[PDB]
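A structural walkthrough
What follows is each chain in one-letter form.
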Amino acid sequence: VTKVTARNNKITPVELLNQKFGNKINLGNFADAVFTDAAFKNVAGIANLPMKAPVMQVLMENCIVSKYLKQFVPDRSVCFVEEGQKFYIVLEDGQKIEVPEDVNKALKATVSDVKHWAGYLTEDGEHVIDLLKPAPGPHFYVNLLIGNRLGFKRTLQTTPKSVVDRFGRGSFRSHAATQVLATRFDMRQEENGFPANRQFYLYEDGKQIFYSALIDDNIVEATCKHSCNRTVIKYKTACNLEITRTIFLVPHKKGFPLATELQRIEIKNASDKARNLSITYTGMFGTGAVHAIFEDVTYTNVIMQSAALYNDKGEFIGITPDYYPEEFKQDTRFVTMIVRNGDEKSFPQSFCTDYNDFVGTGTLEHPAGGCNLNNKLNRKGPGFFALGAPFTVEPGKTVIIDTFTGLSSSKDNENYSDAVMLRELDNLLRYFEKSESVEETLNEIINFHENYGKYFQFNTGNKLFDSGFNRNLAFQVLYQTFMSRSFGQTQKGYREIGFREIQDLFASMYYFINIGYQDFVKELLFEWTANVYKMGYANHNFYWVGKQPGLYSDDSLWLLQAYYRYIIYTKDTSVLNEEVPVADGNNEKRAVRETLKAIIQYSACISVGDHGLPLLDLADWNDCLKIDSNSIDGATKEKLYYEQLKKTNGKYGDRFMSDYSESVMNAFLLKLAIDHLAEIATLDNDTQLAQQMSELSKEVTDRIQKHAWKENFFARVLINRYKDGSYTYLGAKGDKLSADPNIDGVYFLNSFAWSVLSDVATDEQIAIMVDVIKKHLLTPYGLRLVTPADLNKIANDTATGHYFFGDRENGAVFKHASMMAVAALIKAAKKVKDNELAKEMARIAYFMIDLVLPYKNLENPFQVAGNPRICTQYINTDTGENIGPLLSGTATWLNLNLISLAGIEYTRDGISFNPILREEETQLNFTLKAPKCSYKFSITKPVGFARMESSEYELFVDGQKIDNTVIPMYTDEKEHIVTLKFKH
Amino acid sequence: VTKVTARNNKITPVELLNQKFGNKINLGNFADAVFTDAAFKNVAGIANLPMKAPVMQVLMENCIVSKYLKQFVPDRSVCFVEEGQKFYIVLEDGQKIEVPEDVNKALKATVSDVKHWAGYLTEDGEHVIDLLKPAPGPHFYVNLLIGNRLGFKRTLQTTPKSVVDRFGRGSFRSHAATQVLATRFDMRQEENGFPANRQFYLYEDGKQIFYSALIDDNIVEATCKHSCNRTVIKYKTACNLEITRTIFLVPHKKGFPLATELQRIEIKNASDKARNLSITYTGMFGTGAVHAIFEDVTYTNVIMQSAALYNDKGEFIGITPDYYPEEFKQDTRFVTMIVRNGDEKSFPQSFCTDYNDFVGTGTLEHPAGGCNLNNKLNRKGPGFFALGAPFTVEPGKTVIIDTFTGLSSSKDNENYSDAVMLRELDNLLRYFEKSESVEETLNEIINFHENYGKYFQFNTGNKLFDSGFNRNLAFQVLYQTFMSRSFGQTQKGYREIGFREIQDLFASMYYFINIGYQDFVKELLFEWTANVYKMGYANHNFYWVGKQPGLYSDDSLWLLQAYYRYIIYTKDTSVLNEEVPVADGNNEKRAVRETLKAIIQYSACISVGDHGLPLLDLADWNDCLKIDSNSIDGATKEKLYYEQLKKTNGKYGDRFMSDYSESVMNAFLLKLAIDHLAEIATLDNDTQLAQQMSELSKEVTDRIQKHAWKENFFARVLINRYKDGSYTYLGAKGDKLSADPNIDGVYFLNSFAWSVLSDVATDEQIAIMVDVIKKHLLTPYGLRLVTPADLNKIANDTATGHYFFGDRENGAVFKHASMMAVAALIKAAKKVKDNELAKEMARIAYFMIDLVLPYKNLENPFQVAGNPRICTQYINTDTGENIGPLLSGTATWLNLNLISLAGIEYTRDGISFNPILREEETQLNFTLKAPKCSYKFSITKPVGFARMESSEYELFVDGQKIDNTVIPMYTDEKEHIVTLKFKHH
Ligand SMILES: OC[C@H]1O[C@@H](O[C@H]2[C@H](O)[C@@H](O)[C@H](O[C@H]3[C@H](O)[C@@H](O)[C@H](O[C@H]4[C@H](O)[C@@H](O)[C@H](O[C@H]5[C@H](O)[C@@H](O)[C@H](O)O[C@@H]5CO)O[C@@H]4CO)O[C@@H]3CO)O[C@@H]2CO)[C@H](O)[C@@H](O)[C@@H]1O
Ligand SMILES: [Cl-]
Ligand SMILES: [Cl-]
Ligand SMILES: [Cl-]
Ligand SMILES: [Cl-]
Ligand SMILES: [Cl-]
């Protein structure tokens, strides 16, 4: 027998359709087709579509169209064409047949409004989704909900999180990986939680009439609206019932449970007769023993039981899972339902806690015993629950069912027990007793996200871009600040906060400082500083305590940048005098200034190679550069360094002698950190520290220029363990490590990016690297992270690849690295003397940005996939599809790059205004919010590239023409108008 | 807010029903009831049931009965009675109302044949299951299928395994934990695999008319038959279609793939018109990366793609998943379908590889695009597949569809690639060309399991018991021998071939030797010996490499028992000279005799406490007895021991100094192992080794008697970490660790069991422990593992800190320990001088055995649950329900105990015949198979307890009266008749 793989099957159905019907009929710009047999010999398709979409699959789903095609296409290729508001079928020989009336009507109904199959964005950036249409990708219809723990202890650790899809499915997690609602670990990416989560059934006269997760013939229409931190789903039934589901997380208040999710279900009777209905709201509680799911499911089943909750009057209100082991009793989950028939409150009358009894002989969509629950408390088994209550809806009236699903944990209370959970649940119910109290709360949430994003507001003509930046991007930045990369649709494992993820604070801090939360930023900075050891290395990960000390060499170097930004924006040098505990433990504390000095010393003097550049250790920012197999972490290096100092009678601060490889990206980060520390010391009136840092920066720049430049590019890694000269460097021409014969040597994008960002490369070097990038690193789908390389020559311990071409580490475009490169390009374009080079760099930057903006994913949704409101991780270079977890460094650097392109940069003297606009753009207006004032920026230019470095410009501030390009930070609590005019 | 747990809700619906309607009506022996509201105030029920059953749930499922009840359920309790073949409803005030005609008819239909709701057992032990009835438990409708790799390299590691429920759902596994069909790791125990596995859809004229996993109005009846190593399911449709599914694992032949599962679907048209139907067979392959399902599913999705398979004629035949990484390219999966329309053969015409495209806007039960497949090869994603083919069925004719789902691995071929898979698949397809061949294969399987079990055959009057022992129990023992506790209905991961699971070979070996597979027994023994390190500790689990070295102390001590059994039965001492690689790695190889000596030394001299007993090492056989919190494994102990020897100027074999706790069960196991090794050395003409082992056994017995006996029982654990004397021992009177104020101390069943089994306890001690067991450890549901304890005062993370009382190790009836105790009771009853004590012990043993036999689970199926053909793990003492995985040592020790009760014990001089029969039994006939002969045993006795120790008996062999009670192992290739007759006083 023979095998034919998916990628080896070169001929696609669309290509075969074009071959067969290319000259006979006009196929238009887009067409769809499908193979009619496993032999891939005949095709069936429809032509002249507005955009690429799986129309053929939907057509085959229809019974009438399938039956009509059955008589035509078991072995004969056919095509569908539209002429004169009628549908014809064209055969391969040339006959055109007018289809009968029913199939013509079905085709007209299906083809209508193809352009909105994936949905559309409103003027506020909200995504409107039809529930009957296919999904472009697993992450396309996903929304992320967040809590609000501001003003409370351990904000990062204890913030609740949730993921909700278009049907309301998903999951809900408390601190760390604690699950309130069950998370499903299955083979598909679409299944994130248990199917019964946040779903309910509506019965009438003992007969099921509605299921929230099923669209039967009884539903005329059903739409979902994804917004910022809330989800709204609307159903309309054929029996004149309007159902509205609103899902959101409750912001934390004093005495509330640690995590709480609220779902409000409004049922309106549009008919003229009273309806006696019943509602059954189902769900499944998450387990406390996550590892036992793989190890022993029976262990998870037998260690817990079900319990009922009764209010002060002895009325049943909800179900909780009760655990026997003492360790699993530190978190207590609950679910509660309240029915409001206007101003009258009622509670569920029946419950079920057994999945088998509930489903019976039917399925989850049509439970056999879903109407009459047995009211039996299960002695074991998973925390499945179903609460049932009857009600009556008068003609034209509405009934509101509020469901609270939550968890109370010991991480927020002392002497924790179930009594604490009961008290907190009582407080929550008492707070939400009134019907309006829920609605107001929702408004509060909206107002928060309508204010947090007011730091930077765009006012361009394109409403989609303005909504995407002002609302969606700011929310994503806040979400990544609060959660880093610990949750998502496909990010279901347990993850701790990485040190490098402090990059998320680079963009979000300016928002927080502008809503009166500067102390929160200070607390985050101190929390990150507490994970730095005395020597200078830092813990790689930390959630409650740090771990992996000094595993990666580039971690601590990031911290400096963050501090710089803060001190630049607020002029608050007092943070330098704060005493923070060191990561070594015991009870020792150190000043922040001394910690920064130690961080600089650990990479500038100690832990350096033969060339004086920082050591690679296990790996730098890039986790694939595992060149050194015998690498050591911070603790082992410190012990060996102390032994060496004792043996050789050396002095502290001398080089740690070894033959490990050197990292040049770490050198660029070190140079940037040294410059930032010099600037901070200058701002702190510490002349000697500033002068020392300036001399150290000059020396490091000289070392980098002498040992890293290789006449064509900046080398990535310097190798010292080969004394015969077989291999000395990696990441430049002539390194003899390229896996592609057509490429002279390996090239790394980060080398150029951080050579420009650290202000090390000169103009000639910048031009040379730009030419090299255009030649090799530029692809039709973006910028590659690195050209193909063969690291087995130097590191034989490296294994083979794990991905097909175009996936992740096999040629994909990682949008985080591409965004850093775009930031470098924007920075270079503002200062290079050559105007043509600046124009080319700006063009490349805008081209790369246009491939990352989420709102542009709706132009060709069924080819690029992704998400129209949330940035994805990488782009598959073989197909162009946006793939990856919804949480990554893409959002932060995209926000920073857009702000920089607007021309806003913060320096010691204030705001260095220097915009770079698109060639076609002729007007750019935006509003900037400052702690003590505000600015309204307007920029006007003719068509074509323009910048103040070369073009002629007039600048006015408050109606007064000025020559300096630095705008001072006013403190008069007024709005200042800034106007820029470019003259041809 | 107030919280009320399930266990704190003392009142039950049946109790409330009895309270409300106890005197007004006759509730009979049984009744069913259900609360009508969450307040637990009123009840709705039905009386006079033949047995406990969820009748009320079925009634509320019915629309008519629910509608009739709805008028007065929330407010007042109601009961259903049947008088004069007509149903009446009784209220709490005494009113009796005749139900309407439709309600009466529905009630009559529902309450008919309640006795067979859980099914019944045929004459051959096969289980017949109705697919429209509720399941008593998650393990009640489960069957296990095993392959056959005998006569091929690395049999133990390469035998395929499968789990099939009543609907055919489950997962199919291969060598080690390699998944062929996807296994589902979810919250529920009932979901073992992906829901689409082994299921198919039948369409007619573009409309779905049949789904194999769904029972709807179109299905008149649907039954499943669970048998030995195959499953048969039958559906009958309202449109006169008969569908038969036969599922079994293909025995391995030369050139075949490593694992292959065959499902045959026969569709017969009972009408008088030809029908044009279409079949869509769906499934989902397992992933090579079993991990990263819990880390990142995207990685699992993007490292693989789909591929189509074409025969030599260029016709599509099936789908295979193709992986990029070299790590996952060592195993290649495939699925293929063949349609036999009498003599004509056809292949599937369409396929789908995307779950979203297949399901579409519908569900898995009613896929939107299940009839018209897009024929698109998915570039990524999980290996979902659906093969579709049309066919025409003539009136009265049958159409067969054969589906082969398999995996080919590099563990059986060299220079492996996908070409090897293609060649093996071609060979497999060539073998199964004729339609009859498949049937023949099935017969072969049956014949194997009809012969493997002929080693010991019962011939009693009770047909159910004979079918359960001769057929079901032997198959379960074989399966557990090949699989330990690795793969089952709920055993799905983290567990490999366990070292102590060598206990299974205690029972199955006699079968293998009797089918000419003694070399396979030797291979198994060497495979287990290969996981023993030089010092003596052993790997806890192993598939191809070991893991958890020396984590548990009780391991490596059952190897001595296994070797003793094999050598005694076969008189083959040559296995002592075999060179087996050690678990330390490198290339060192040691003789088996030296390995046994090292095992004895590691527990007799090294790794002993202050009293000279073996250390606990965080757990003995009892996995939840984690007394020591600062425990260490074998490697750390070895390093520390070598450092201590170097620093203190010691010599190898000295005690490893520490203050860890001591295990007395390990001491009993060590004493038994030393006795077995002494006997083996005596049989091997190794005089000085035998004398040394005898002296060591005497010394160990003296130590146990001096330090473990506590004047009321045998202590379980000796504690040495408390120098103030607050706690010194656990498992006897006066240990100050009892959680029950009415019980002086904690008591462990294993202490008595292995004191009797190891021949350490005396007759007076046996009587004292029997009295203690009857006072405390005897429960209506059997012998509980341990009395209530308060171990949290000395150590957390114990059994008492994990489970509710009455679950697993926390005082439940752990049937493995119960069977070991029954074995001890049987052994004691054959030799104690006191006849009354022996009678009581035999009565207790038979009482405990009656609670373990699977076939008795059908007497009260909806209360005891369990499985009518496979032994479960434990019994909950609060409810009596049989819970736990289908894999346990319960089956092995039940087989051993039932053989021992017949009197078959193998000694060095032959068979030590000494039967112990039931008091009410008066006749016992069975047949025994020997390597060079066979025996037919017949035993006759009057009613009442009788044994050769006290009762008068006559024994005849081949019609010759003899006095010696040891039957020699003849070698004349004939059948010998043995007759025993007991005479009353
Ligand atoms: O002698 C017994 C007999 O039967 C079998 O042995 C069984 C035994 O019968 C079972 O009782 C035992 O049950 C264990 C579960 O299998 C295992 O999954 C569970 O693991 C727990 C662990 O005990 C607990 O400490 C752990 O807590 C961690 C949390 O998960 C984390 O969140 C937290 O951060 O860290 C803590 C660690 O402190 O949870 C896991 C579950 O996730 O432990 C049960 C009791 O030990 O299983 C035995 C088999 O393994 C056996 O087949 C026979 O051979 C044997 O003779
Ligand atoms: Cl995600
Ligand atoms: Cl890099
Ligand atoms: Cl025990
Ligand atoms: Cl099982
Ligand atoms: Cl067990």
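Residues numbered from 1 in each chain as written, not as in the entry; some residues may be left out. Chains lettered and ligands numbered in written order. Heavy atoms only, no water.

**Quick look at the sheet that holds strand β33 (residues 717–718) of chain B**
All names here are of chain B. Rules: Think of it this way: DSSP has to see at least two bridges between two strands before they count as a pair. The helix and strand labels rest on DSSP assignments: H or I over at least four residues marks a helix, E over at least two residues marks a strand, and numbering proceeds from the N terminus.
Pairing within the open sheet is antiparallel, and its three strands lie in the order β32-β33-β34. Each edge of the open sheet is held by one strand with a lone partner, namely β32 (662–663) and β34 (729–730). Inspection of the sheet shows β32 paired to β33 by two bridges, in the antiparallel sense. Within β33, the residue paired with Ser 663 across the bridge is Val 717.

**Brief notes about empty space enclosed by the protein**
All names here are of chain A. Rules: Lining residues are those with an atom within 4 Å of a point, where the points come from a 1 Å grid over the protein atoms alone and group into cavities, where a 1.4 Å probe fits but cannot get out, or pockets, open sets with protein on both sides within 12 Å along at least five of seven lines. Grid points are joined across faces, edges and corners, and a volume is the space filled by probe spheres set on the points. For this classification, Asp, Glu, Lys and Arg are treated as charged, while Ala, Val, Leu, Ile, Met, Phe, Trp, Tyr, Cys and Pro are nonpolar and the rest, including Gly, are polar.
The computed volume of the largest cavity comes to approximately 120 Å³. Forming the boundary of the largest cavity are 16 residues, of which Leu 156, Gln 480, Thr 481, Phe 482 and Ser 484 lie nearest the centre. In terms of residues, the lining of the largest cavity owes the most to one element, helix α11 (residues 463–483), which gives four residues. Taken together, the residues of the lining of the largest cavity break down into nine nonpolar, four polar and three charged.

**Here's the deal with the domain arrangement of chain B**
Let me state the cut-off plainly: What marks off one domain from the next here is an automatic or database domain assignment.
Domain annotation of chain B identifies domain 1 (13–115), domain 2 (120–446), domain 3 (530–708), domain 4 (713–889) and domain 5 (911–983). Computed from C-alpha coordinates alone, the two centres of domain 1 of chain B and domain 5 of chain B are separated by 55 Å.

**Regarding the domain arrangement of chain A**
All names here are of chain A. Rule in force here: Contacts are residue-level and defined by heavy atoms, with any inter-residue pair within 4.5 Å sufficient. In short, buried area is how much 1.4 Å probe accessible area vanishes from two parts on joining, totalled over both. Counted as salt bridges are all cases of a side-chain nitrogen of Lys or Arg within 4 Å of a carboxyl oxygen of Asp or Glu.
Parsing chain A into structural domains produces domain 1 (13–111), domain 2 (120–449), domain 3 (528–708), domain 4 (751–897) and domain 5 (910–983). On a C-alpha basis, the centres of domain 3 and domain 4 stand 27 Å from each other. The interface is formed by 19 residues belonging to domain 3 together with 20 residues belonging to domain 4. For the pair domain 3 and domain 4, the summed buried surface comes to about 1400 Å²; carbon and sulfur atoms form 72% of the total. Remark: the boundary between domain 3 and domain 4 carries zero salt bridges.

**Let's talk about the pairing of strand β20 (residues 316–323) of chain B**
Residue and element names in this part refer to chain B. So the rule is basically this: Three labels apply to residues, based on accessible area from a 1.4 Å probe with only protein chains included: buried if under 20% of the type maximum, exposed if over 50%, partly exposed otherwise in between.
Of all eight residues in β20, eight are buried; the element is thus mostly enclosed. Pairing of strand β19 (residues 304–310) with β20, which is carried by seven bridges, proceeds in the antiparallel orientation. Bridge pairing in β20 places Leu 309 opposite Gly 318. In this structure, the hairpin formed by β19 and β20 is closed by a connection of five residues, where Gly 314 is found at a positive phi of approximately 80°. Bridging between β20 and strand β21 (residues 331–341) involves two bridges; their strand directions are antiparallel. Bridge assignment links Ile 319 to a residue of β21, and that residue is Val 335.

**Remarks on the pairing of strand β12 (residues 199–204) of chain B**
Within a regular strand, side chains alternate between the sheet's two faces. Residues and elements named next belong to chain B. For β12, the tally of buried residues reaches five of six residues, placing the bulk of the element in the interior. For β12 and strand β18 (residues 275–284), the ladder comprises six bridges, and the chain directions are antiparallel. Bridge assignment links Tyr 203 to a residue of β18, and that residue is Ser 278. Relative to strand β13 (residues 207–211), β12 is paired through four bridges, and the arrangement is antiparallel. Across the sheet, the residue bridging to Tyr 203 is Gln 208, located in β13. Counting the residues that bridge the hairpin from β12 to β13 gives two residues, and of these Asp 205 lies at a positive phi of roughly 55°.

**Brief notes about helix α10 (residues 435–451) of chain A**
Structural remark: α-helix, 3.6 residues per turn; residues separated by three or four positions point the same way. Defined as follows: For a helix, the expected span equals 1.5 Å multiplied by the residue count minus one.
Over its 17 residues, α10 of chain A extends 26 Å from the first C-alpha to the last, a length consistent with the 24 Å expected when each residue adds 1.5 Å. Buried within α10 of chain A we find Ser 435, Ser 437, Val 438, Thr 441, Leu 442, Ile 445 and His 449 of chain A.

**Some details on the site of ligand 1**
Going by this rule: Working definition: residue near molecule or strand if any one of its non-hydrogen atoms lies within 4 Å of it. Pairing of N or O atoms within 3.5 Å defines a polar contact, subject to two protein rules: one partner must be a possible hydrogen donor and the other a possible acceptor, and residues neighboring in sequence count only if both atoms are side-chain atoms. Per-residue and other accessible areas follow the Shrake-Rupley method at a 1.4 Å probe size, with only the shown protein chains counted as cover for residues.
Taken together, 22 residues are adjacent to ligand 1, and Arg 495, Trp 621, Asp 623, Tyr 803 and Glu 809 of chain B come closest. The residues that come close to ligand 1 belong to more than one chain, namely chains A and B. With respect to ligand 1, the side chain of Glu 501 of chain B contributes an N or O atom lying 3.2 Å from an oxygen atom. Look at ligand 1: alone it shows 980 Å² of surface, and the protein chains cover 72% of it. Looking at the shell around ligand 1 element by element, the count peaks at three residues for helix α6 (residues 291–295) of chain A. In terms of residue class, the shell around ligand 1 is built from seven nonpolar, four polar and eleven charged.

**Structural notes on unusual backbone geometry**
The backbone phi angle of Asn 649 of chain A is positive, close to 55°, even though this residue is not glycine. Structurally, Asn 649 of chain A is set in the loop between α16 (634–648) and β33 (662–663). Looking at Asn 649 of chain A, the relative accessible area reads 69%, which means it is exposed. If you check the backbone angles, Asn 240 of chain B has positive phi at about 60° while not being a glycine. Note that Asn 240 of chain B resides in the loop between β15 (230–237) and β16 (241–249).

**Some points on the nonpolar core**
Taken as a class, soluble globular proteins show a tendency for nonpolar side chains to be buried jointly. Note the cut-off: Joining through side-chain atoms within 4.5 Å is the link that ties buried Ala, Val, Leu, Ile, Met, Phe, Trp, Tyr and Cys residues into a set, and such a set is a nonpolar core.
Among the nonpolar cores identified, the biggest contains 289 residues, and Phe 391, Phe 456, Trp 754 and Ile 904 of chain B are the most heavily contacted of them. It is helix α15 (residues 664–683) of chain B that provides the largest number of residues to this core, a total of 13 residues. Other than its neighbours up to four places away in sequence, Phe 456 of chain B contacts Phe 469, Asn 470, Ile 899, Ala 902, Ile 904, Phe 926, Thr 927 and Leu 928 of chain B. Formed by 271 residues, the second largest nonpolar core is a distinct cluster that contains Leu 69, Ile 502, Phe 520 and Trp 893 of chain A.

**Side note on the packing of helix α9 (residues 463–483) of chain B against helix α10 (residues 505–513) of chain B**
All names here are of chain B. Just so we agree on the cut-off: Note on definitions: angles span 0 to 180 degrees between N-to-C directions of axes, and those axes are lines fitted to C-alpha atoms, for helices only across the stretch in contact. Any angle that falls under 35 degrees is termed roughly parallel, while one over 145 is termed roughly antiparallel, one within 65 to 115 roughly perpendicular, and all others oblique.
In the contact formed by α9 and α10, the axes pass within 9 Å of each other and the chain directions differ by 110°. Considering their axes alone, α9 and α10 lie roughly perpendicular with respect to each other. Note on element contacts: α10 touches α9 through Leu 505, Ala 507, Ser 508, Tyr 511 and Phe 512, opposite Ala 474, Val 477, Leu 478, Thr 481 and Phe 482. Classifying every residue of the contact of α9 with α10 gives eight nonpolar, two polar and no charged.

**A look at the pattern of salt bridges**
Summed over the entire model, instances satisfying the criterion amount to 121 salt bridges over all chains. With a shortest N-O distance of 3.9 Å, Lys 273 of chain A and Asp 272 of chain A are connected by a salt bridge. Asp 272 of chain A matches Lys 273 of chain A in its accessibility class, with the two residues each being exposed. A salt bridge links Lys 983 of chain A to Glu 952 of chain A; the nearest nitrogen and oxygen atoms lie 3.8 Å apart. A residue pair is termed long-range when its members are at least 10 positions apart, and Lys 983 of chain A in strand β48 (residues 975–983) and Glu 952 of chain A in strand β45 (residues 952–957) qualify at 31 residues. Residues joined in a network through salt bridges with shared partners are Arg 184, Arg 188, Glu 190 and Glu 191 of chain A together with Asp 186 of chain B.

**So, the sheet that holds strand β19 (residues 275–284) of chain A**
Residues and elements named next belong to chain A. The five strands lie next to each other as β14-β13-β19-β25-β24, forming an open sheet whose pairing is antiparallel. In this open sheet, the two strands that pair with only one neighbour each are β14 (207–211) and β24 (350–352). Direction aside, the axes of adjacent strands within the sheet are offset by 25° on average. Pairing geometry for strand β13 (residues 199–204) and β19, over six bridges, is antiparallel. Across the sheet, the residue bridging to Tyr 201 is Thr 280, located in β19.

**So, the side chain of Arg 784 of chain A**
Residue and element names in this part refer to chain A. Put simply, the rule reads: Under the convention used here, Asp and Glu are negative, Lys and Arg are positive, and both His and the chain ends fall outside the count.
Tracing the chain through its elements places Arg 784 in the loop between β37 (782–783) and β38 (813–814). As a buried residue without a salt bridge, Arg 784 has its nearest oppositely charged side chain in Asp 740, at a separation of 5.9 Å. For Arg 784, the side chain forms a polar contact with the main-chain oxygen of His 776, separated by 2.7 Å. Residues in contact with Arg 784, not counting those within four places in the same chain, are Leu 749, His 776, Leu 777, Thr 779, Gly 811, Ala 812 and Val 813.

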